[PDB]
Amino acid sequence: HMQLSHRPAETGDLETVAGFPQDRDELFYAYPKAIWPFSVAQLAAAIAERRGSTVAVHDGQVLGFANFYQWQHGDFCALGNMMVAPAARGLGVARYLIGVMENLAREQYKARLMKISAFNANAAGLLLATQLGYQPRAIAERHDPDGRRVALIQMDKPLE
């Protein structure tokens, strides 16, 4: 069914990926420093600052995007910017990309651990990470775009 492949993100993918977040909450979950409306320029700025920007493809469509927020050779990487096409939610795209990013963290960065953090309102992300073997380690206070306090739940998982 949902055959998925991956490759590094390319300039040609920017518009498509920038179309993924459907509301301010979704943008905040994936890219908390971004400002709504999202734009190719904001996506390109993240890609420049980060590593490992990767897309997931199915039936000739880019359906997902992720990168590393943090990377420390021999130590850990932290997942960032997970976005999924609105017509492909709940089909395994985020799960698939997390596995790809785990492999890349192991292979390229010799990471022993992957970190995933999710904002408290992002139930789906918390639950998916839990399904994939991530455990919560800490909770940090953050603020949303309206200045309201939110909880960032910081999870991790050993790699192999």
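Start at 1 with the first residue shown and count on from there.
The stretch with the higher mean CA B factor, choosing between 35 to 43 and 119 to 127, is 35 to 43. Ranking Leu27, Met101, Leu91, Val55 by Cα temperature factor from the entry places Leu91 first. Ranked by Cα temperature factor within the chain, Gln61 sits in the highest third according to the deposited record. For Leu97, the recorded CA temperature factor ranks within the middle third of the chain's modelled residues. Per the PDB record, residue ranking by Cα B-factor puts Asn67 in the lowest third of the chain. Split the chain's modelled residues into thirds by C-alpha temperature factor. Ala87 is in the highest one.
Sort the modelled residues of the chain by CA B factor and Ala48 lands in the highest third.
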